[PDB]
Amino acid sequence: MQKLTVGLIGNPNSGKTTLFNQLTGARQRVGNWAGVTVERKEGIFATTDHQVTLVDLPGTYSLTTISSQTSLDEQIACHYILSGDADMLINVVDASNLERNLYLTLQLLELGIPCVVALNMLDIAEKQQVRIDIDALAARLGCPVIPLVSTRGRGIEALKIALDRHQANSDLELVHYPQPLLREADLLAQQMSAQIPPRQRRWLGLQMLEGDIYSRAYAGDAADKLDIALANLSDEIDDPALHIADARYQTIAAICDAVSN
């Protein structure tokens, strides 16, 4: 029995609290994110091989801020995910709004954090005549995808086995970004703290290029973005932030269509 730290993440209203309580029962403590007002719930449970600490993370639709005035809430889950204190994540997805929920899902697989998706609200999706091919969705995301109805407590056991068994998401060419954006995101990548693993480094350069406000603080060379963007003014010219998003959205668009009836 190894101790294992899992983060619980999701868009707001994906049924994350329900799930938190199904997993931890009465064994949960209420605290706050360090130096701040936002509440940090955390609790515990045991699968066949791990004694897990589950750390609830604030709802967010996206990790990336292109923006100024988002929130403190939405801005903290990035920070935690990137710190490494979590060994794997549970991604709570509202099956009834897949395409919209998968933006966040897809940023996490791009970060590379081991990840199991809790496809929650399978009953709401049926009531809307939405059928989803789970096996197919897992084959496209590269990570387990486990069916849930948190209200009833359906799937909690399979969600746990999944966590016992999953180690590493499948290594996938998920989003096709245009080459110049990549070339700069690696330029930006390769001049950053070596503790930060290579995928995450890359991901952050993409984020920097895209406009992310609070990403500049992990880089150690944002002294250096202004020139990345200029070297691009020729190439995938007008708008890096457009083509960056577009590529993720087409990815998620294609997935959703492969797999929803």
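In this text, residue numbers run from 1 along the sequence as written.
Across the two stretches, 78-86 and 103-111, the PDB entry reports the greater mean Cα temperature factor for 78-86. Comparing the deposited coordinates for 160-168 and 181-189, the stretch with the larger average C-alpha B-factor is 181-189. When the C-alpha B factors of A217, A26, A46, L54 are read from the deposited coordinates, the top value falls at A217. As recorded in the PDB entry, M1 shows the highest C-alpha B-factor of the residues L4, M1, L8, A254.
The PDB entry assigns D94 a C-alpha temperature factor belonging to the lowest third of its chain's modelled residues.
Residue-level temperature factors show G31 in the middle third of its chain, judged at the C-alpha atom. Ranked against the other modelled residues of its chain, the C-alpha B-factor of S150 as given in the entry falls in the lowest third. Ranked by Cα temperature factor within the chain, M121 sits in the lowest third according to the deposited record. For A241, the recorded CA B-factor ranks within the highest third of the chain. Only modelled residues enter the ranking.
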